Amino acid sequence: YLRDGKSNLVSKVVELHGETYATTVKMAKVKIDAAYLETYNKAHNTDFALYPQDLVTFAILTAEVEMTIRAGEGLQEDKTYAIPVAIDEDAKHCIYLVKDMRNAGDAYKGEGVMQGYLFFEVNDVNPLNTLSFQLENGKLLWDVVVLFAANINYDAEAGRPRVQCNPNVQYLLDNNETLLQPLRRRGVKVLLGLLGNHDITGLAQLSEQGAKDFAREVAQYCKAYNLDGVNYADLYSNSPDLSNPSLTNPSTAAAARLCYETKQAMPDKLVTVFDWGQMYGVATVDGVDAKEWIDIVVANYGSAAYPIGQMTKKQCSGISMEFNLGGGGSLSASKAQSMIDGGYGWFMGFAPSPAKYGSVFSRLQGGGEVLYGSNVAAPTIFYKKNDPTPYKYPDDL
Ligand SMILES: CC(=O)N[C@@H]1[C@@H](O)[C@H](O[C@@H]2O[C@H](CO)[C@@H](O[C@@H]3O[C@H](CO[C@H]4O[C@H](CO[C@H]5O[C@H](CO)[C@@H](O)[C@H](O)[C@@H]5O[C@H]5O[C@H](CO)[C@@H](O)[C@H](O)[C@@H]5O)[C@@H](O)[C@H](O[C@H]5O[C@H](CO)[C@@H](O)[C@H](O)[C@@H]5O[C@H]5O[C@H](CO)[C@@H](O)[C@H](O)[C@@H]5O)[C@@H]4O)[C@@H](O)[C@H](O[C@H]4O[C@H](CO)[C@@H](O)[C@H](O)[C@@H]4O[C@H]4O[C@H](CO)[C@@H](O)[C@H](O)[C@@H]4O[C@H]4O[C@H](CO)[C@@H](O)[C@H](O)[C@@H]4O)[C@@H]3O)[C@H](O)[C@H]2NC(C)=O)[C@@H](CO)O[C@H]1NC(=O)C[C@H](N)C(=O)O
């Protein structure tokens with residue numbers, strides 16, 4: 001089979017932060033197969049446009065061949081383009097999903113650095129508070145943020161599980177242009193959190209068909225509200241009704257099915273998991289390795305995440321900080337160096353709030369110098385719930 005040589009993935013998202021991106025295609029010759037894009041889009045129910053062929057150069061396989069992707073100027077941003085490359089019948093193709101991020105760089109801290117993953121308890125805290133967190137050199141600390149959380153619940157009137165949004169979640173989605181998109185314009189990836197919610201449905205207990213449908217609903221939410229993917233957290237569900245065709249016995253295999261189907265439905269977006277309950281641990285679905293469908297795994301406070309399948313620690317958190325309750329440690333110089341030495345890709349934080357910024361920022365001292373050459377700066381603004389106005393920190397608290 002054919003795959004991208006650097007990631008070993010048959011489907012690879014490329015974010016352009018400069019004018020060029022170089023990789024290999026690994027198996028003969030390779031070619032861009034524009035006709036296949038219709039087949040790919042039909043299979044995934046996607047609508048990616050073909051990346052301009054004149055921007056892609058191959059150095060015949062030597063088997064591998066160098067491929068360079070150049071950034072262009074005619075294209076629409078916040079849009080994913082495709083490079084379908086062709087040498088079972090699937091093993092004849094791989095795909096690059098290309099996004100130009102040159103103008104949405106404020107969270108991009110460089111190649112090979114650790115990245116931040118932050119959950120907001122949106123019942124209480126405006127996610128615009130992401131903007132309170134910058135390094136002294138102006139970069140935004142938190143590459144990825146989660147709206148914690150929409151729920152999975154049974155819709156009795158429709159006879160199926162659904163995404164169920166409480167009034168706070170729904171208000172953010174309804175107001176996404178003013179309360180979520182300002183983050184995306186600056187390069188932050190905004191994920192919808194999904195969480196169990198005290199009925200027969202759960203993220204690790206959907207049947208195969210139930211998981212396919214719920215995955216497709218989650219993808220529809222991410223498309224409609226212009227979001228960047230999902231986090232799944234398998235907590236708070238009750239025992240399933242095994243007589244219900246949408247449900248099955250809770251298991252890591254059922255959870256993996258949901259993750260796999262979600263990536264299939266939104267292959268250019270992030271599929272991420274909290275490692276708790278039955279949400280994580282099975283490394284293959286339908287012969288496809290987990291590196292292709294778990295982009296980020298974050299662990300419970302006080303633990304580090306671990307990779308499965310072909311994943312590495314680059315897809316894993318090395319620290320998880322509970323910013324409301326205090327546990328999980330600090331992102332100190334010594335911890336930052338430890339995590340780099342261990343090859344971890346992420347640090348996770350949960351439930352920061354402006355009233356506790358003294359605590360939160362105390363726990364971010366020293367680490368930024370090690371990770372980025374620039375410490376986290378003291379905050380000067382904050383946001384109130386549901387209010388787009390930047391307020392002065394700490395005076396306006
Ligand atoms: C058990 C245990 O412990 N567990 C644990 C877990 O938890 C974890 O997890 C993880 O972590 C984190 C932490 O860290 C978390 O978070 C958390 O969570 C929690 C829980 O939650 C859940 O639940 C709840 C409750 O529920 C119940 O109730 C209700 C009413 O109330 C109802 O409705 C329901 O239904 C339920 O009931 C039912 O069931 C039950 C049982 O279950 C029974 O009993 C009954 O009968 C019935 O049936 C809820 O609420 C929640 O939900 C919510 O939210 C979400 C988000 O979050 C969403 O999604 C949803 O939707 C919801 O919302 C909505 O609704 C509500 C109501 O409900 C409203 O209100 C709203 O608005 C909306 O609408 C879930 O489900 C919780 O609790 C917590 O919370 C807290 O925090 C936060 C922040 O973070 C805030 O925001 C809040 O508010 C709160 O706060 C509070 O608290 C705190 C402390 O804690 C503080 O800080 C503050 O300040 C406050 O305070 C106050 O209060 C308190 C009391 O509470 C007192 O104390 C004080 O004094 C004051 O007053 C949080 O959220 C999470 O989840 C996770 N994460 C992730 C990432 O995922 C785990 C792991 O870590 O771990 C565990 N543990 C263990 O495991 C241990 C072992 N076992 C040993 O042994 O060790």
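Read the numbers this way: they start at 1 and go in the same order the structure lists the ligands and their atoms. All residue numbers in this chain count up from 1 along the given sequence.
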Using a strict threshold of under 4.0 Å (side-chain N to carboxylate O), is an ion pair present between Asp106 and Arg185? no
Under 4.0 Å from a heavy atom of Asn168: give me the atoms of ligand 1 that qualify, with their elements. 72 (O)
For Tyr260, is there any backbone N or O sitting under 3.5 Å from a side-chain donor or acceptor partner on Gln264? yes
Crowding at NZ, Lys356 (>12 non-hydrogen neighbours, <6.0 Å): no
Which residue and atom name correspond to the protein heavy atom nearest atom 95 (C) of ligand 1, and how close is it? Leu325 CD2, 3.9 Å
Relative to the ring of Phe214, is the ring of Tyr232 parallel (under 30°), tilted (30 to 60°) or perpendicular (over 60°)? tilted
Report, as yes or no, whether the 6.0 Å neighbourhood of atom CD on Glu177 holds more than 12 heavy atoms from other residues, nucleotides or ligands. no
As a test of understanding, state which of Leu147, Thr272, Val271, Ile296 forms a side-chain contact (heavy atoms from CB on, under 4.5 Å) with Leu191. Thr272
Should the proximity of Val298 to ligand 1, defined as any heavy atom under 4.0 Å, be assigned to the side chain, the backbone, both, or neither? neither
Using a 4.0 Å cutoff against the non-hydrogen atoms of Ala351, which atoms of ligand 1 qualify? 85 (O)
Out of all atoms in ligand 1, which are within 4.0 Å of some heavy atom of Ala233? Include the element for each. 122 (O)
For atom 61 (O) of ligand 1, find the nearest protein heavy atom and state the residue, atom name and distance (0.1 Å precision). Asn151 OD1, 2.7 Å
Could you identify the single nearest non-hydrogen protein atom to atom 98 (O) of ligand 1 and state the distance to 0.1 Å? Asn324 ND2, 2.9 Å
Which atoms of ligand 1 are found less than 4.0 Å from any heavy atom of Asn300? 124 (C), 125 (O)
Does the ring of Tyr372 carry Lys109 above it, NZ/CZ under 6.0 angstrom from centre and within 45° of its axis? yes
Look at atom 128 (N) of ligand 1 and say which protein heavy atom is nearest, naming residue and atom and giving the distance to 0.1 Å. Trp276 CZ2, 4.8 Å
Identify the closest protein heavy atom to atom 26 (O) of ligand 1: which residue and atom is it, and at what distance? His198 NE2, 3.6 Å
Can you find a protein heavy atom under 4.0 Å from atom 68 (O) of ligand 1? no
For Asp341 and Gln337, test the side chains for any donor-to-acceptor distance below 3.5 angstrom and give the result as yes or no. yes
How close does the nearest protein non-hydrogen atom get to atom 83 (C) of ligand 1, and which residue and atom is it? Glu121 OE2, 3.5 Å
What protein heavy atom lies closest to atom 89 (O) of ligand 1? Include the residue and the distance to one decimal. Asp124 OD2, 3.9 Å
If you scan protein heavy atoms around atom 15 (C) of ligand 1, the nearest is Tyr236 OH, 3.6 Å
Measure from NZ or CZ of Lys139 to the centre of the six-membered ring of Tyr108, then state whether that distance is under 6.0 Å and the direction lies within 45° of the axis. no
